[PDB]
Amino acid sequence: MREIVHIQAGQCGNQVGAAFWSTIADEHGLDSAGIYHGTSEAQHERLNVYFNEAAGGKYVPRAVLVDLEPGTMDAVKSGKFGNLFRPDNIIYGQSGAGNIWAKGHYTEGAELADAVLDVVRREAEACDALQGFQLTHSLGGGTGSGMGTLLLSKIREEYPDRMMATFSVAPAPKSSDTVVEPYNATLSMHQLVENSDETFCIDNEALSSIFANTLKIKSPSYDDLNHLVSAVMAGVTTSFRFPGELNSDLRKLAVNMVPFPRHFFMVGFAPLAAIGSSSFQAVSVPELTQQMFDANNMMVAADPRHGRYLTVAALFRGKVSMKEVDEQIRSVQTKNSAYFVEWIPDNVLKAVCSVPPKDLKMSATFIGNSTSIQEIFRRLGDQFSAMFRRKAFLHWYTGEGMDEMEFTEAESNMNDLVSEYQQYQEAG
Amino acid sequence: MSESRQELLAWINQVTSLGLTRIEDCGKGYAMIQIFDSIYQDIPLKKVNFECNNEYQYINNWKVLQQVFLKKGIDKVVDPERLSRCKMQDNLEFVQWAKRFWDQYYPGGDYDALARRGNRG
Amino acid sequence: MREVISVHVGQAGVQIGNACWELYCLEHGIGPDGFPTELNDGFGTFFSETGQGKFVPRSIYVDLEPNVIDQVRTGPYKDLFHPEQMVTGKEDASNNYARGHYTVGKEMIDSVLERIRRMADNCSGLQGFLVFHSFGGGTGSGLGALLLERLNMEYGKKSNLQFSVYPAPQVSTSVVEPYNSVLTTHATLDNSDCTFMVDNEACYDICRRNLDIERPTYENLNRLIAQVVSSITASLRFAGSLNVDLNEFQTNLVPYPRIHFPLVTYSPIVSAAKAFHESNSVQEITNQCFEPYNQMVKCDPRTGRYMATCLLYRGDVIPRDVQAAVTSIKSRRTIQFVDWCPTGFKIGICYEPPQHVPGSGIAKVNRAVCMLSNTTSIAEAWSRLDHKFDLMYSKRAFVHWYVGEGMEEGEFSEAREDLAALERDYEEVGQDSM
Amino acid sequence: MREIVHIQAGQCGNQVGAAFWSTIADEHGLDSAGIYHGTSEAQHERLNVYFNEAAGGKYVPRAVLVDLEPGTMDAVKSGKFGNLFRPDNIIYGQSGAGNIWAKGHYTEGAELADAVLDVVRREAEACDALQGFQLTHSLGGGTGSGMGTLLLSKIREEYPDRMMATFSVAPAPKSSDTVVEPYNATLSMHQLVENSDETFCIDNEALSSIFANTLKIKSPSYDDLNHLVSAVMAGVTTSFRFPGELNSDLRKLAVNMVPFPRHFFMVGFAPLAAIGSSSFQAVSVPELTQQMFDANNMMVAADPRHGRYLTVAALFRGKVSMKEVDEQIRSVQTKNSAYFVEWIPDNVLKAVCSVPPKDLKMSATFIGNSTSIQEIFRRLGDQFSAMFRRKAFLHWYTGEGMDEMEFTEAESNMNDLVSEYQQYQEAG
Amino acid sequence: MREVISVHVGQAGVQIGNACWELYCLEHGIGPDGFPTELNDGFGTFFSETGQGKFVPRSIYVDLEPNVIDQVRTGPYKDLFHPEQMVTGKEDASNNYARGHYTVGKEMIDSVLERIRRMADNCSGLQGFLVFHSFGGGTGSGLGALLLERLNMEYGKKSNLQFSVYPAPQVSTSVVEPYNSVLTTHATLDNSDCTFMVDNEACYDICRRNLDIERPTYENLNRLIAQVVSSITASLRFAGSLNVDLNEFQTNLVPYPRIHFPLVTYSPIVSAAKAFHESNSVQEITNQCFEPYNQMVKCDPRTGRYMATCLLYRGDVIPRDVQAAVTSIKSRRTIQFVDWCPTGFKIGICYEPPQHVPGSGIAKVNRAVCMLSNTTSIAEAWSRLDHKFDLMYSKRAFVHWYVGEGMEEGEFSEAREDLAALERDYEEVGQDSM
C-alpha cells in the first residue's frame, strides 16, 4: 500500500525525528502512547505508509534511528516519546566518530553495517509494497554524512526499482560547524548523486534567517529549527497520506522535475507569520503565493534571482480552488517570465490536497527548481580546493584507508554538476 | 606515511600471491602469517588449517603466530576475538602495523609460500 | 562507556588533580569520602563503581617524594583513592631528568605499568588517556616523558592529551627549567597527540586583575586550570546540544602532526563584586576571550595570525548569539587571517552550567566559554627557550649532572635541533602565498 | 494410548526434569501437588501420555531419574516438587563417576543396571501401548554420557519395534566443561547412531547466545537455560498431547525427515522476545517464520548458511491458518532456494496444533535438517584425534576395561557419518 | 555418605589442621567444643556423629613429639578430638628420615594402622583419604612417606591426595631439606595419586603485599592454605551448580601417571582496606589468578606453558562471566599453548560463599576462585633441588647419619635418578611437534 521505511543518521540527523514523528502522529491523530485517538475518518485510508500495524493499536513508527555515538541517542530514549520506537531498531555504536568522513563512511560504520542491513531487510519484506526510503542526515558531520552513504549504496545495490529519496542540511556560508565540513560536503555529494535520485539542501543559517526575518524571534533554538523544516517532510507526503482531489506522489514528483539524472531543488512553506502577525492578514492563496516567491521564504542560501526556475510543483492543502491558483500563478509567471526556463513552457505542477493543518485554514509546500544551486557548489568548490592546496588535514583521512586521489575525483564530480548548470543558467 | 586500501591490496596480493578480494579475509588471516615467512622461513605451515571459515574453529590459527612472535620478540598484544570477526577496526591497524615491520627486516629475496604449502593442498 | 583515565606525575601533577577531582566530585554530587550523594550515564562516567556505592576516581598518582602524596591521606579525601593506585616513590632525585628518566624513576615503571593495565581492563569504551605533568618539575618532566613513550608504544592509535605548564618568561621556580624541561619536548613531541601548556605568571596576571587578590596561591591557580579540564572532558559526559568528543580536537586542531600546541582561553573569570553591576552575555564573553586580559599564556597572540580554533560553551547558549558574535570576530582587525582554512572554527555546545566551588573567590555565572586557539605566534616562548637554553649550553653547565646520571650530551646536541624545526614549522605555516 | 516412559541420566541430565515436568503439568493444567486443576476440557483426551493414572487424582509422572552420584539428586528431592515423582523410581548410586565414560558406561552403571531394567520393565507392561522412550543426558559428562547408553542398548535389545528418541546437549566450541569432553562425545555417538533413531544437539554456548543476542540479559542462569530448551520437549509433543487439526507424531516425524538411517537435525523456537520487547510487535506467522530462519534462533553451533536444508517440519500452536504459512514459506523458500536440497522438492512438513501456550497467542517449534551438522563432528574429530596422538589421558580408560583400538573404531564411526554429509553438501 | 578422612603427620601437619578444622567448624556452625550450633547431608559430612550431638572430626594426628600435640588439649579445642585418634610419640629423632622411616617412627605404625581401620569402618561412602605432611619436616617427610606406602598397599584403588610444603628457593628451615626431603618423593611418587605443594616464601611474599602485614606468622600461612582445602573438599559437601568430586581431579589433571604436580592459585586474597575502594568481580579475580602476584609457589609459571587446569568457584557465580573471562585468557599472550588438549580446562561451581574467619586480617568477599594448574615449568624447584642435592651428595655429608639409622646409600644412588626422569618427563611433555 505504497509505503515508506525511514532512515536517520547522525546526531542532528536523529534530532529531526521528534519534529517529524510527533507531527506525523498529530497529522494522523495519534498520541505519545501510540494508541489511537483521531477525530475524522479521513485520516486512515493511507495511514499505513509511515506505520507498521501492531497488536493492540500500538502502530509502531517504521524507523531505524542510527548513530555512531551514544551521546544523543539516549536523549530521545530517556526523554519523552520513549515508547514510540521499538528498541530493536534503535542501534548505535559507542566509539566516537570524530565527525571525520571515512572514519564514519568507510570503517566504523563497517563495524555496524552488518547489523544495519539485517534490520532493514526484515522490515522491507514485511511491508506490502515499498514506495521508497528516506535518508535524513547532515552534509557537514561524519556519522550522518559518512555512514548513511555507505548505508545507501548497499540499499541501492539491493532495490534498484525502489526510489531513494534523501533530505540533508547544508554547510553554511558563514555559520559553519567544523573545518572538515568542506570535505564532508564534497564526499557526501559523491554518493548522493551516483546512487539516490533526489536530495534537498537546507541551510541552518538561512533557516536562522527565517525566524529572524519573518517570525521575528531574536533567540530560537534547534527545537524550533527542526520544528519548522519538519513540516515539509509532512508537506511532501501531505498530498499522499490522506485523500484529496488530484494528488501525486514523490516518484511522480521525481520524473516531472528534472530533464536529466541531476536532481536538486528548493523547499519553502506557506503560510507563515509571527505571534502578533497572525490575525492581521487575510490568509488565502494570494497570501500563499507571495510567500512562495521570495528567497526569504526559501531554505537554500542561494538566489533564485541569480538563478532560473527549471520546474515548479506546488502542494496545497485546505479548501482551495484551481483558478485561485491559476489566475495567481499567471499573475506572477508573467512579471517573472525571464525567471522561467524557456526549454519548457508551463513547468508548473499543481496538486491540491484536502484537509488543513492544525489551526490554519490553508497550507502550501514549495518545490521550485533552480540553476543557481551551483552557487552552493561554487561556494563549496573553492572552499574545498583551497583546503587541498596544502593537503589540509589530510592525514585524518589517508590515515584511515582512502587514497588521496580518490578525494580528487569528487572535485570533478562537483565540477561535472556545475558544468551542466553552467549551461542552463544562460543557454537555449 | 600511511597506505590506503588501493595500494595495499595489490601489495599484499604481490608478496603472498593470493587472490585476496577484500581485506576482511585477513579477518581470518592467511596473509599475516604469510608476512613473516617472507623473513623468518621457519614457520610450520602445516599447523594452520586452510579452508576454515568457521570462526569458532579459527581461534587455533591466531595463536600459531604467538610462537612466531615468541621466538623473535615483538611485544604487540594480539586480541583475536574481534580480529576473528572478519570485520574492520582492528584488521587494518594490524596490517598497517605489519608494514611498519616492512621497514628494515627484508633480505629482498622472494619467498614462494605458494610452492611451500604444497600448492595450498 | 566512552571513558578515559588521567595520570598525575610531578608535584604539579599532584596538586593539579587536587583541584580537578574536587571539581569532578562537585560536578556529579559526590561526597568527599567517595560515598556520594548527600545524568543517566553521568553517574558512572569517570568512575568504575563498586556495589558499595562509593567509587574510584579513575586516576593514578606518580611521584618520587612521599611528601606531597601523603598530604592527601592526611587531607579530607582520605577515602577517595585507593592505596594501590596511589603509587609513591621512597626516595627521589628530582630536578634531574636523566636519572628520573634513566636511573631512579625507571624503577617505578613496572609497578606503574601494571596499574595502567588493570584500569584499562574495565573501561570498555576507552578514549585514550590523559596526562598531567609540568616542565618546572624534574621528575614530572622526567618520568612523564618516559611515561608516554611506552604507553604510545603499547597503545598505538589511542589518544594522548596533556595539559602542561612551562617556566614563565619572567619568574622561574628553578634554574634547571632551561635544562630539564626543554629536552622533554623531544619525547612528548612524537608521543603526545595533542598537548596544552599554560603560564603561572600569566595566570598570576589574571589573579591580580580579574580576581583582584594581591596574594594568591598555587591552589587558586590550580582551580583555574581545572575548569578547563572539565570544560573539555565532562562536556561529553553530559548530554549537550552539539556534542564534542575528545577525538574531535586532535582532528580539528592540526593540519600537520607537529603543530599541536594551541592556546587556552577561559572566560568569564569574574571576581565577586565584578559579577554584580554587570551582565555577561555570550558575546560579552567572546569579545573578552580574544582580548589578552583573559589570556592563559604570556605571549603575543595578537601579533600572530590565528590558525584554527575550537570553542566549547557551557550553560544556556543559543547558536544565533554565537554566529552574531563570531561574525564580528572575523570582521574585526584584531585577527587578520588564516590562509589554510577560510572558516577556522569548531563550535560545540553542552548544557551543563558552570560549576562554582564555594571556597575560592571566583563568582558564579550562567554561561561559559572555553577556547583552544592555534596561532602563528606561540613559538616565541619556545624562542624564549632558544634564547635561554642555547646560552646555558654555551658554557656546558653540569653536563656532568646530565652525564653522571647516565646519558651523553648527544640529546643536548639534538635539543635545539628539534626545536629549530619547530621554529621552522611556524614560519613554514607563516608561508602564505601562491 | 500412545504413551511415553521417560529416562534421564547425569546431573544436568536430571536438571532438565523441572523445566520439563513443571511445564508439562502447566501445559496440562496440573499443580505441584499432583492433584488436578485444569480449566478447559481440552487438556484431557491425550493426558495419558506422560502420566500414569493414580488413586485420588495424583497422576504420577512416569519418569525414572537416574544418576551415579547423590549430589544433585536430593536437590530436587529436598527442594520443591518433592511429591511429584514416586521415590521407587528415584535411583542413584553413591560412588563418584568422575565423569569418565567407561567408568560410567561400562563398569559403575553395571553396578546399577540390574536395578535399572526391573524398574522400566514393570513400567512398560503397565502402560497400554508404548509410543517410545526419551533419553535426556549430556554428551560431555560421564554419567549421562556413559550410563544411559548402556541403558539404551539393553532397551533397544528388548523392544525393537518401539521408537527410541533422545535429547542431548553438545560440547561447546569454546565454553567447554572438561578435557575428556572430546572423548565422551565420540564415545556417546558410537551408541546413539547404532541403537536409537534420532538425537538432537544443543550447544550451551549457542544457548548462551540466545539470551545474549535475542532476549538481552547479561547474566542468565541454568534455570533460565533449561527453561528455554524445555519447551521444545513440549513442542515436539505439542502436536500430540492435545487435539488440533492435522497433527502427527514423533514416529511420523521420524520417517519423513531422513532418507537414510542417519538422524540428526536442529531445534528452534518461535516466537521469542525480551522484557520490554514484548508489546512492540505484531505477533503472527510472518513474525513466527523469520524467527524460524536465522542461525540466531537455532541451537546448534553450526551454520545452515554453510549447510543445506534436507527436510523441514513445522509445528504451530494457536489460531493459525495454512495459507498464512503457505504464502510465507513460499516467500522464503524462493529467495533461499539454493539453501534447499534438490533431491526433494517440497521437503516442508506442516502441522497445526490448537491451543496457545501461556500468555502468547501463537507458538511454533522448529525442525530443520542440515548438511552442516558435520561442522560439529569435524570440529569434534580433530578435537578428538589430536588428543589421541600422545594417547592423552588414556590410562583413565584402559585402566578400567576397554581396549584402546575400540576407541579408534568410533573415529571411523564419526568419519562414516561425515562421509555421507560430505556428499549431500554438494552433490546430485 | 561420600566421606573421606584426613591424616596429619609432621609438625606442619599438626598446625595445618589447626587452621583446617577451624575453618571446618565455622563452615558448618560447629561450636569449638564439638557440641555445635549456638545442609541436609551437610550436617554430617566430615563427622561420624554420636547421639550426644557432638561429633568427631574424622582426622588423625601423628607426631613423635608430645610438644605441639599437647598444645591442643591445652588449647581451646580440648573437647574436639578424642584421645585415641590423637596418637603421639613419647620420644623423637626428627630431621632423620631413615630412622623416622626405618627405626623409631615404625613403632607407631601398628598403633596408627589400627586407627585408620576403625575410622574406615563407619565411613560407608569412602573416597580415599587425605594426607598432610611437609618436606621441611623429618618425620612428617619420614613417617608420611611410610604412611602412604602401606595404605595404598592396603587400599589399592582408593584416592590419595596430599597437600605438601617444600623448602623454599631462598629460606630454609633446616639444612636437611636437601637430604631428608628430596628422597621422600620416591615413595610418594607411586603412592600419591595426586599431590600438591606450596612455598612459604612465596606465601610470605603474598603476606607483605596482598595482606600488607610486615610481621606475619605460621598461623596466617596456615589459614591461607586451609581455604584451598575446603575449596576442594567441602565443595562436594555442599549442593552446588556443577558439582565437582574428589575423583574428578585425578582424572582431569594427569595425562600420564607421574605428572601429578599442579599449582595452587587462590584469589581473591584482599586486605582490609583493599576490599573497600574496590569491586572484585569474577573476571577481576581470574585476571589476577594468572598474574604471579597471587601465586602460591615461587616459580615461573609465566614462562612455562600450561597443561590442564581445573577451577573451582564459590559463591554467586554465573557461567557466562566464566566464559567471558576464560575466552580472554586463551586469547591472551600470557599463556601460549597446550598441544595435548585444545581446551585445557575444567569448570566447577558451588554456591557456598567464602567463609571469613574473624581473627586474621583477611577480608570478606562474595565470590571465590581456586585454581589447580598443571604446567611446563614446575620442575624448576625440582631442578633447584638437583642443583642443591647433587652438591651435598658430592661430599657425602652424614651419610653415616643416613647409614647408622639403618639404610645404605643405594636409595641416594636412586635419588637423583628418579628425579632425572621427572626432569625428563617435563621435556617429554615439552616435546610438541608431529
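Labels A, B, C, D and E are assigned to the chains in the order they are written; within every chain, residues are numbered from 1.
Simple rule for what comes next: a contact is a pair of C-beta atoms (placed from the backbone, for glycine too) under 8 Å apart; a residue touches a chain by one contact, two chains touch by 3 or more.
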| item | value |
| --- | --- |
| Most centrally placed chain - per-chain CA mean versus overall CA mean | B |
| Identity of the chain that, by mean CA position, is farthest from chain D | C |
| Distance from chain D to chain A - Cα centre to Cα centre, in angstrom | 54 |
| Mean-CA-position distance for chain E and chain B (Å) | 46 |
| Mean-CA-position distance for chain C and chain B (Å) | 40 |
| Distance from the mean Cα position of chain E to that of chain A, given in whole angstrom | 74 |
| Sequence positions of chain E contacting 2 or more other chains | 327, 342 |
| Residue list for chain A, restricted to those that touch at least two other chains | 95, 395 |
| Per-residue multi-chain contacts in chain B, two or more chains | 59, 77 |
| All touching chain pairs, where touch follows the definition stated at the start | A-B, A-C, A-D, B-C, B-D, B-E, C-E, D-E |
| Interface residues, chain D side, partner chain E - complex | 11-12, 69-72, 74-75, 78, 94-100, 174-182, 204-205, 208, 212, 218-222, 383, 386-387, 389-390, 392-396 |
| Residue ranges of chain B in contact with chain A within the complex | 1-2, 4-7, 87-89, 92 |
| Residues of chain C defined as touching chain E within the complex | 34, 48-52, 54, 56, 79, 81-84, 118, 121-122 |
| Complex contacts: residues of chain D adjacent to chain B | 173-174, 301, 303, 306, 375, 379 |
| Chain D-facing residues of chain B, complex | 53-54, 56-57, 59 |
